[PDB]
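The chain below stands alone and is given in structure tokens; this is the form deposited without the partner chain.
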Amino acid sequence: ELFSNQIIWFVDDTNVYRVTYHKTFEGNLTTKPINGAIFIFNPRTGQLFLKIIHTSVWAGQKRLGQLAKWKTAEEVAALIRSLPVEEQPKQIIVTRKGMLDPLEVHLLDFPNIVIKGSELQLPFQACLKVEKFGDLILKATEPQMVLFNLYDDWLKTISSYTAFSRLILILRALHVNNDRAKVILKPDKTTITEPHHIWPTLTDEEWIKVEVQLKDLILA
């Protein structure tokens, strides 16, 4: 499975094609695309490749929902081609089944790479309301890739499996109730997030309490 000898990426395409709806004064529907992102995530190291997708790519094109899956597959292949072979993933796990065929067709030059689907709940969409990603995506004027470390300094003291489990609880809790999750994640008036970190600096005891509360929020 995960946390072995091989490089694994999760790929989430959920947030690539995003639109806002508006009812005009004339009573018609406008559907305006807004910038999206592909999340490509290494659960062992915490590395996130955030590929920001600028609305220009949609041009005057149709069925943008299906096309978006192909755009995602194109970008994953482009990233793989830009990496030395030793940094290429051995397995790619797609969070949505619609990515299986587009990725299969785009990765035919990489017979070493195993593609599979998943039933895991890994809502990277929660990141769109984490200010550090949200504004970056909103304000982009062209496509670009940005690297992050989603585990902050956790791996100094906990294993990759432990870090992944904490991250998933954070994302799922933010997804199900953003406002309440943010309160849970700020236990003290003194609680801060370092400028180069994504998540707060909490004591070991604070994390125990937070992990239980996040889980309960998800169960609710």
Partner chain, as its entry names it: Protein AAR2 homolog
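Residue numbers count along the first chain shown, from 1.
Comparing 199-207 with 9-17, the higher mean C-alpha B-factor in the PDB entry belongs to 199-207. Relative to its counterpart among 29-37 and 150-158, 29-37 has the higher mean temperature factor, C-alpha atoms as listed in the PDB entry. Considering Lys51, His54, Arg166, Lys186 together, the PDB entry gives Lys186 the largest C-alpha B factor. When the CA B factors of the chain's modelled residues are split into thirds, the value for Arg96 lands in the middle one.
Annotation for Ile170: C-alpha temperature factor in the lowest third relative to the rest of the modelled chain, per the entry.
Among the modelled residues of its chain, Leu79 has a C-alpha B-factor that falls in the lowest third, as given in the PDB entry. In the PDB entry, a CA B factor belonging to the middle third of its chain's modelled residues is recorded for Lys90. Among the modelled residues of its chain, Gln125 has a C-alpha B-factor that falls in the middle third according to the deposited record.
In what follows, reference is made to the form deposited with the partner chain bound, a form of this protein that is not presented.
Taking the partner from elsewhere, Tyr17 is found to have a heavy atom lying within 4.5 Å of the partner chain in the entry with it bound. The closest non-hydrogen atom of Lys156 lies beyond 4.5 Å of the partner chain in the entry with it bound. With a 4.5 Å cutoff on heavy atoms, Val176 does not count as touching the partner chain in the entry with it bound; it lies far away. Remark: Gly98 counts among the residues lining the partner chain in the entry with it bound, judged by a heavy atom distance of 4.5 Å or less.
Contact annotation: the partner chain lies within 4.5 Å of heavy atoms from the stretch 64-72 in the entry with it bound, the single such stretch among 147-155, 185-193, 64-72, 167-175. Remark: none of the three candidate residues (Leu2, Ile52 and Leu136) comes within 4.5 Å of the partner chain in the entry with it bound, counting heavy atoms only.
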